[PDB]
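A lone chain, given as structure tokens: the form deposited in one PDB entry.
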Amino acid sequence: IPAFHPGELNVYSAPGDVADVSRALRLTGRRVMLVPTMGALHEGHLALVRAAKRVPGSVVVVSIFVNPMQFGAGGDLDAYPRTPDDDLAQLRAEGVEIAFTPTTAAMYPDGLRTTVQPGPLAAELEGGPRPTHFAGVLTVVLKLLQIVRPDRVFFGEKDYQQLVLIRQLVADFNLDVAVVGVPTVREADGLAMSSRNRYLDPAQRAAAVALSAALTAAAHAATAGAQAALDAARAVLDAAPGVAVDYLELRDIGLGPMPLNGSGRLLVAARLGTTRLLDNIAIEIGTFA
């Protein structure tokens, strides 16, 4: 058709359906907000939804799509958590009017043909041993932006490298959307929220606080300079039982071919058993506050 029941959760699977409804809402003056997710929603996703909601006269579109193109072969794709019933229930509770739940076939009818090739940042940090990963992310986000044509698109600072790449996408392709980054939601001990946190047993869950503890220690130590920041983070991680650090890196905020001068981001990735966790924090070098 498609029908749109205002004040209720409308679920569309067809790209054409959501595109038409979005086009219609935008033509009546409502401002279209997009929150792209892969489902398995937790409270940090709900913060994304809330921030979009607070935009005056917004209509909130939340996409749920476990994008196969951002996964490397092996079992990562099949192993991704799927909790559709909880996801949709959470969106209704939040007063979301639109959930977009496309099929793989609707998204990729010609498989991998035209795709987005990210800049050299895609080859680093998370992309190091996963060199097609961000091409996957950026290909899907580009499509979702073209399908929904939102005014603003909301991402978490949690997957900070991804946020940077998305701002690159938007800049480099002249996309008429505002990219809104939302501060990471944390458990009460500091643990960054993630759909991956379900894979930590009680021992791993206890040990996992070491990531955020290491980052906040570094952010405070940073008055004393970069080395002191990094060493404080390293000390905490080294004190933590069964935390296998992948990388701990201090970068310029754009993550790119510029040196760290003053304002930076400290990024960590670590393994707890088979569970790979990420966190990051703002760092100010020589700044007490």
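In case it trips you up, residue 1 is the first one in the sequence shown, and so on. Note that the rigid core is defined as the largest set of C-alphas that superpose within 1.5 Å between two forms.
The same protein also exists as the form deposited in another entry; that form is not shown, yet it is the one meant from here on.
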property: Residue among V55, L260, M38, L248 whose Cα moves 2 Å or more between the shown form and the other one, once the rigid core is superposed; result: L260
property: Closer or farther in that other deposited form: C-alpha pair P257, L248 (3 angstroms or more); result: closer
property: Closer or farther: C-alpha pair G181/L260 in that other deposited form, relative to this form, given a change of 3 Å or more; result: farther
